[PDB]
Amino acid sequence: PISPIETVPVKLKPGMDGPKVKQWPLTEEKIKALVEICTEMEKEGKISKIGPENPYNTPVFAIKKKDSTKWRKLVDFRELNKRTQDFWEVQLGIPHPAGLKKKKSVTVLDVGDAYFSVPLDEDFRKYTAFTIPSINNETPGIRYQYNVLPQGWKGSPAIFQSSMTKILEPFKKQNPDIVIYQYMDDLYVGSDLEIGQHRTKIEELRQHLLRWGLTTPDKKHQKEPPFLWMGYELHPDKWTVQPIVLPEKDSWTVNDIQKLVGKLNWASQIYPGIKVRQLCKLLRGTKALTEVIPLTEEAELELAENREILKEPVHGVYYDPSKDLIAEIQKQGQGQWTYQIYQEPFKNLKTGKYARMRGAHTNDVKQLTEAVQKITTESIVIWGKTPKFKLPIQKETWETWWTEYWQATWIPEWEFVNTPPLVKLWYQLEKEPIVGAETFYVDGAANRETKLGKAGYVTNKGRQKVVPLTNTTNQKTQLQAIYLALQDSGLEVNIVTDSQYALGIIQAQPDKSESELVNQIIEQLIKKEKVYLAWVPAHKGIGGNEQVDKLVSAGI
Amino acid sequence: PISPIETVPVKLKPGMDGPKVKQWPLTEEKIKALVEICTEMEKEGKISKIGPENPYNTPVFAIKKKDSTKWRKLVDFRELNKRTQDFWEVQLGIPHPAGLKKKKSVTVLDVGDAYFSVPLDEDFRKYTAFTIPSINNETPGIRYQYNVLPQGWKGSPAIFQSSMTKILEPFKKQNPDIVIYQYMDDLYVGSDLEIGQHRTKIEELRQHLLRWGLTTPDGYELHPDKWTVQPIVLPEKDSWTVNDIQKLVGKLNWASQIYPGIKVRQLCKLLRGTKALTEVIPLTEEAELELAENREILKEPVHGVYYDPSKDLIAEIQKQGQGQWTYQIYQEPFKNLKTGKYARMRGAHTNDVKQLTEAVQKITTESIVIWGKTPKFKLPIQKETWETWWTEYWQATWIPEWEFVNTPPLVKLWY
Ligand SMILES: C=Cc1cc(N(C)C)nc(S(C)(=O)=O)n1
Numbered sequence: 001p002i003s004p005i006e007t008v009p010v011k012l013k014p015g016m017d018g019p020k021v022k023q024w025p026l027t028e029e030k031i032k033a034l035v036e037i038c039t040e041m042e043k044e045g046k047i048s049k050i051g052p053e054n055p056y057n058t059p060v061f062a063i064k065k066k067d068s069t070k071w072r073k074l075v076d077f078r079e080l081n082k083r084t085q086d087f088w089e090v091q092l093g094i095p096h097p098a099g100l101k102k103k104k105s106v107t108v109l110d111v112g113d114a115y116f117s118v119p120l121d122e123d124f125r126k127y128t129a130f131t132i133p134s135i136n137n138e139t140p141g142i143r144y145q146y147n148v149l150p151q152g153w154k155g156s157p158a159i160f161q162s163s164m165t166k167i168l169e170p171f172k173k174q175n176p177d178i179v180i181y182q183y184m185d186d187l188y189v190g191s192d193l194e195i196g197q198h199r200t201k202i203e204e205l206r207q208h209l210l211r212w213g214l215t216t217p218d219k220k221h222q223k224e225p226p227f228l229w230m231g232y233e234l235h236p237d238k239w240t241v242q243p244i245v246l247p248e249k250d251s252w253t254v255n256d257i258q259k260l261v262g263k264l265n266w267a268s269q270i271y272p273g274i275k276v277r278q279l280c281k282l283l284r285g286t287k288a289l290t291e292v293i294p295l296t297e298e299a300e301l302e303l304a305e306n307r308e309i310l311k312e313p314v315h316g317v318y319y320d321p322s323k324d325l326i327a328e329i330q331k332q333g334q335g336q337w338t339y340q341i342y343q344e345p346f347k348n349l350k351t352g353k354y355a356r357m358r359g360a361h362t363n364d365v366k367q368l369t370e371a372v373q374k375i376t377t378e379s380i381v382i383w384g385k386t387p388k389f390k391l392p393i394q395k396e397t398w399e400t401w402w403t404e405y406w407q408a409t410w411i412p413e414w415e416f417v418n419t420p421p422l423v424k425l426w427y428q429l430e431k432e433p434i435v436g437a438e439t440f441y442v443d444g445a446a447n448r449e450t451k452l453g454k455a456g457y458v459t460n461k462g463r464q465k466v467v468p469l470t471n472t473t474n475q476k477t478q479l480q481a482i483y484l485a486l487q488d489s490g491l492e493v494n495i496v497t498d499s500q501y502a503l504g505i506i507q508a509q510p511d512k513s514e515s516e517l518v519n520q521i522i523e524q525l526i527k528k529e530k531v532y533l534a535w536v537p538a539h540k541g542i543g544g545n546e547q548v549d550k551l552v553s554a555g556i
Numbered sequence: 001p002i003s004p005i006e007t008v009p010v011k012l013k014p015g016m017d018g019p020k021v022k023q024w025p026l027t028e029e030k031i032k033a034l035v036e037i038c039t040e041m042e043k044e045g046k047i048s049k050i051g052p053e054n055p056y057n058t059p060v061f062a063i064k065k066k067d068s069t070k071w072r073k074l075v076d077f078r079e080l081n082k083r084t085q086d087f088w089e090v091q092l093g094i095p096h097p098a099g100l101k102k103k104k105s106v107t108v109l110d111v112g113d114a115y116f117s118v119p120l121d122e123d124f125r126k127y128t129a130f131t132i133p134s135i136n137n138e139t140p141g142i143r144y145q146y147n148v149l150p151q152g153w154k155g156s157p158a159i160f161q162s163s164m165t166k167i168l169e170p171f172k173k174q175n176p177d178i179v180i181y182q183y184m185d186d187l188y189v190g191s192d193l194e195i196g197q198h199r200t201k202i203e204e205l206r207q208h209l210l211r212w213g214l215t216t217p218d231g232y233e234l235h236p237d238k239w240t241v242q243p244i245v246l247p248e249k250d251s252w253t254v255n256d257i258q259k260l261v262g263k264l265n266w267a268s269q270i271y272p273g274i275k276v277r278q279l280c281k282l283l284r285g286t287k288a289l290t291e292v293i294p295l296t297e298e299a300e301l302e303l304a305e306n307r308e309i310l311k312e313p314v315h316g317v318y319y320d321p322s323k324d325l326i327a328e329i330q331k332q333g334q335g336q337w338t339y340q341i342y343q344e345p346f347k348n349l350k351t352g353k354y355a356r357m358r359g360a361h362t363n364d365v366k367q368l369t370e371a372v373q374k375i376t377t378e379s380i381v382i383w384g385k386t387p388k389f390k391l392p393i394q395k396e397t398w399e400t401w402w403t404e405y406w407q408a409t410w411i412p413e414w415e416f417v418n419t420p421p422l423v424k425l426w427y
């Protein structure tokens, strides 16, 4: 039944008119079924047959030819959606099983006439017009428009959630011990009541909703064994996500793919590594929900990697507000980190992996910091507080790093956990120039016009080198010069540049970079026993710098 | 119960729409605090529940102001304030006293409760929407908009201007040697009186405000005398190496962007050659004089600098270690309006982020006192680090604009 609740006013974006997209014809077996499904819908108030004065149209389709799946109609609102106003999505993110507290008695109610029993803003219905295809042309097709929140329309979820909140509000006040969570058509109700009274408070809720227009069938059916909330299995002492199965086939429609991305977004919340970039590609640029879009090579590869991940189940425990959260991180091999959040040893709430990179040049200690920050924020989202950290970094390592970093850094309450490969600063810059180490004054230049450059050095001991370079830049030549000096020197060396660029990069003790050059500089830096790097203004006297400049700039 | 008196019409700047700024995640205590605060504000009609068909949003969170008291609510209206039309003569409120910066002490009163008695233009409320988040997203957000002048919105102080004048008229008759300046939710009161003499007049003013509907949270002493600039200095070693000399010339060169009268020549002289860094050099006389020369030039404040009321104020900060920091404020590069230092540690915070969040508030306050605007900040920190943590240490009812920088070797140049 359609709910008595007040509609929410809905607007088109300013300057935009309504949809005016035309119907595709077809099989007069699709037209049957459509007309059946439609008359049924019309019987229940969801839609009304209308008058041809209405100028707007959006397409209709018929899907799942039998297959033990009778038929089902399919409205393509893509065009209307782009024309309807934006909405504020209130939710910061979707709820996680580990965020749930332990409850003696739990029920999940289903909202079937979810969308199809919440009224649409009267003024807005005219824009949801569609036609069922006119077989022959002495008259047009059957016209209709929606009276409730349409399936794929941009506003249904926001408005549906809004409405569920107004409707549940009375019943919550009357019942402050009971917690209710709405998610799509799942309604989670938990309490610590005895199964006798709890089941009883539920019947009351079912009536409450019923008064407001919302049905809720004698649940039983034949799905009662496991107990599912938004795809999670909620057992008494733990939750589980059963392995997800992605369809296999080759003929993939726009609709098939739109469905796939959704089911992958739900999933990336529980599993680490789920990717959707290639699949989303296949979509925009086209039309026709039912047109077959063949999978690119990359897309095919994303799907393979996605199955491999979604291959295993996931398990976790519930949250106990009376216990600290602990989070533990391990290094996993070049930009790879794993973490476990728990409250009691070995009973995990949530586990994940961070695989990323800072910018172009980074180090394990920066990465660990960002990982700590990413985890802090997740924790606040899911539990509203921050975990105590256990990190594979010695206090002294962190102590010397944050002491000397030109940027402010911080890490919350933490303790050292001597575990996998510990997190280390791979080399250090010397504070003071080194006695009896040779001094290389390096320099580099390159013609912006021609791309040709030279990189080389000059040392206090009469040593020298100049190297001709094709297609590089002022900035690369500077780096090449420094490398030269690293190559051609002993375990101790004082280098001197006038390159702000170069000096900055080395200053931050990168142990990893996306520049081949820089990575070779690193491997050099780690061999050396003592390095001292030094900046000076270019184009000044500076006896050292002056010469290297002359030599390195015969590229004018 | 609000006042049926006419509302001032308020518009956004032409071409601009409302804020659509995402709410950041909040801790549990902050949530429970705000739900409590708002529930009460709604009963009093200060704000109203709204739904998702209102597309705008501004983040909200909660703080503890004067001496870790109890929860205050803080809406980050930086985006709405930029998008909100200006007010000409009632520009950002009133003119700014030049004599406020010259008083023995200055105290900062939180006068935000006042705004909640003027109704806000009806067509404008929608742009004031904010959404309290829920833990693990169990609930969905509680959304509200404002029915009255909101705290934090630049429109509020300007619309309440004429009421403020009238409310403070009495107190200024009885005290003409007191300077008063309103910046947003705040009242800056400065006398050159005497710590106890002065402080009684704050409680005195507070009582006067209290008898006028202006409840005031239950000061915060600051002294714009104790404000001096950080002079640039050079070392004066007994033994000078090639490196020593080399560093020095580097400093002197950068510093030639501020003072165009310094020369480095006689010192580069000394470095003629391809010497080892360790090599001690003896100074010329024509060079060793050059030093005391520049040492003097740099001993006298830069001259000819010009506050321009039309341009932004900009703030740079440098972490110097030791729990110590440095900042310059300026409008155009190298033409600095002030430079100072903020040293701490040896007390209670080994926390690097807490120290910077505190420095940002001292610099902003100083800047309010002196020019009546807040500077935009270049912050020596990664966006995610600062974003995950700053609010835990914030105690002001305002928020300056900021961006995140990439510091070079101009650190070892400010000390
Ligand atoms: C597509 C989203 C979705 C949604 C869902 N819910 C919300 C019941 N369950 C699943 S499942 C059966 O693949 O674990 N998927």
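If you're matching them up, the sequences are chains C and D in order. According to the authors' numbering, the stretch in the first sequence is residues 1 to 556, in order. According to the authors' numbering, the stretch in the second sequence is residues 1 to 218, 231 to 427, in order. No residue lacks a Cβ here, since even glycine has one placed at the ideal position from N, Cα and C.
Secondary structure of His208 of chain C (DSSP, three-state): helix. Relative to ligand 1, the nearest heavy atom lies less than 8 Å away from the CB of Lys263 of chain C. The residues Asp443, in chain order, have a CB closer than 6 Å to that of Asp549 of chain C in the same chain once the five nearest residues on each side in sequence are set aside. In chain C, no part has a C-beta under 8 Å from the C-beta of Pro412 of chain D; the shortest such distance is about 17 Å.
Ligand 1 never approaches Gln197 of chain C closely enough for any of its heavy atoms to be under 8 Å from the residue's Cβ. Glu328 of chain C is bridged by DSSP to C:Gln340 and C:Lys390. Look at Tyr405 of chain C here: in three-state DSSP terms it is coil, with no helix or strand label. The Cβ atoms of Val189 of chain D and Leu295 of chain D lie no closer than 9 Å to each other.
Going by DSSP, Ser515 of chain C is part of no alpha helix (DSSP H) at all; its letter is neither H nor E. Judged by DSSP in its simplified three-state form, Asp110 of chain D adopts strand. For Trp239 of chain C, the CB stays at least 8 Å from every heavy atom of ligand 1. For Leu551 of chain C, the uninterrupted alpha helix (DSSP H) run begins and ends at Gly543 to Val552, by DSSP. When rounded, the separation of the alpha-carbon atoms in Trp24 of chain C and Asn265 of chain C is 31 Å. Counting only runs of 3+ residues, no beta strand (DSSP E) is found wholly inside the stretch 17-46 of chain D.
For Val10 of chain C, the residues of chain D that pass the 9 Å Cβ criterion are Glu53, in the order they occur in the chain.
For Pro468 of chain C, the enclosing beta strand (DSSP E) begins and ends at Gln464 to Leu469. For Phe61 of chain D, the enclosing beta strand (DSSP E) begins and ends at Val60 to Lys64. Using a Cβ distance threshold of 9 Å, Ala327 of chain D and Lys366 of chain D do not count as a contacting pair. Distances from the alpha-carbon of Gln334 of chain C to those of C:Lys347, C:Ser3, C:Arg358 and C:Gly231 put C:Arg358 closest. Less than 9 Å separates the beta-carbon of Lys390 of chain D from that of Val417 of chain D. Between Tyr232 of chain C and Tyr127 of chain C, the CB-CB gap reaches or exceeds 9 Å. For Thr338 of chain D, the uninterrupted beta strand (DSSP E) run begins and ends at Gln336 to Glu344, by DSSP. Taking C-beta atoms under 8 Å as the contact rule, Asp185 of chain D and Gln151 of chain D qualify, at a distance of about 5 Å.
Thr69 of chain D and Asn348 of chain D have their alpha carbons spaced roughly 37 Å apart. Residue-level contact by beta carbon holds for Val536 of chain C and chain D, with a gap shorter than 9 Å.
Across the stretch 62-89 of chain C, CB contacts with chain D closer than 8 Å involve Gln85, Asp86, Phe87, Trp88 and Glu89, in sequence order along the chain. Between ligand 1 and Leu214 of chain D, a heavy atom-to-CB distance of less than 8 Å is absent. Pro272 of chain C has its alpha-carbon roughly 12 Å from the corresponding atom of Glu305 of chain C.
Ranked by how close their Cα comes to the Cα of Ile411 of chain D, the residues D:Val245, D:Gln330, D:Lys385 and D:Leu205 have D:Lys385 in first place. At a cut-off of 9 Å between C-beta atoms, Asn460 of chain C counts as an interface residue with respect to chain D. Under the three-pair Cβ rule at 8 Å, the stretch 64-74 of chain C does not count as touching the stretch 311-319 of chain C. The stretch 218-289 of chain C is shown to contain whole alpha helix (DSSP H) runs of 4 or more residues at 254-268 and 277-281, in chain order. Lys374 of chain C has a beta carbon lying within less than 9 Å of a beta carbon in chain D. Restricting attention to beta strand (DSSP E) runs no shorter than 3 residues, the stretch 69-147 of chain C encloses them at 73-75, 105-110, 130-132 and 142-146, ordered along the chain. Per DSSP, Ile411 of chain C lies in no beta strand (DSSP E) segment and is marked neither H nor E.
With a threshold of 9 Å between beta carbons, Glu396 of chain D makes contact with chain C.
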